[PDB]
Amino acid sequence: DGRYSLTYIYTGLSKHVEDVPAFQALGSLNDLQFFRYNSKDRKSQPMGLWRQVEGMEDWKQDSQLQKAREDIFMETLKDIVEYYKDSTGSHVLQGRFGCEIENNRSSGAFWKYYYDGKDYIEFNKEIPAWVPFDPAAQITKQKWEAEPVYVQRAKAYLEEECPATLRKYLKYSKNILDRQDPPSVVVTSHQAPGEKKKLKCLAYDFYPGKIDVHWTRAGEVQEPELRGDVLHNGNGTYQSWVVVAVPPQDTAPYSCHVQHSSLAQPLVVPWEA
């Protein structure tokens, strides 16, 4: 088994502008986003390859949970703004929470909030208790620990519930997170009126993202003139390209080299002028 992480991020705005939802939420499994929810549509929706997955989660019921989460999250923001007596201002509250496993063993967990970009409050499950960083967080802490069970629930979420949700999602995400999709490659050239010829090597449709893409000139690795990559979440695939400029009088042989974890051995794709 390897490393898997479940991460949630909540964003609330005290005074949202037109077309921007007051509350937004998203969730990721490793490097991919699997769902989103906002206060406009009010519905938890799977994303990317999880749109094709059935039975992993009941989105209609998750929509109800997120609405409940939303209500408490925004009330927290509302209380902070009230404490500073600045409702006329535009403020933001962001919350991050989740856990991770490695070798089927819980290896991490976190739960922290940020107010206007500054650390606000975080849960330390070893105590177990919330740790305030902002003066208003002292009030929030008081409310979140009003009854003995509250901290017990928080500790249980990070230590029992979250990792159980991750293990469950992992059972339906094998063909997504554990894929070893080999890259397709395409070498292309372009001549700019007045500029040198440029050779572009593109590796696409691969996963995981880690990859080695480079050009060679007469068996000599070259220094790229332009480089880049991207991850398409809808697809769960990456693309990575490298570009080199070639002297107008150069005749040497140019070939692209691609090495990836999914390949038995590296691939070579010479360019035929």
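Residue positions are given as counts along the sequence shown, with the first one as 1.
According to the PDB record, 212-220 carries the higher mean C-alpha B-factor of the two stretches 56-64 and 212-220. Relative to its counterpart among 256-264 and 12-20, 256-264 has the higher mean temperature factor, C-alpha atoms as listed in the PDB entry. For the set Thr165, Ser87, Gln152, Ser107, the PDB entry puts the maximum C-alpha B factor at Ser87. Of all the options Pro46, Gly234, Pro248, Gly27, the entry's greatest CA B-factor is assigned to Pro248.
Among all modelled residues in this chain, the alpha-carbon of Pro193 has a temperature factor (C-alpha) in the highest third. In this PDB entry, the Cα temperature factor of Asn103 sits in the top third of its chain's modelled residues, the highest group. Split the chain's modelled residues into thirds by C-alpha temperature factor. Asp31 is in the lowest one. When the modelled residues of the chain are ordered by their C-alpha B factor, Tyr172 lands in the highest third. Annotation for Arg179: CA B-factor lies in the middle third of the chain's modelled residues.
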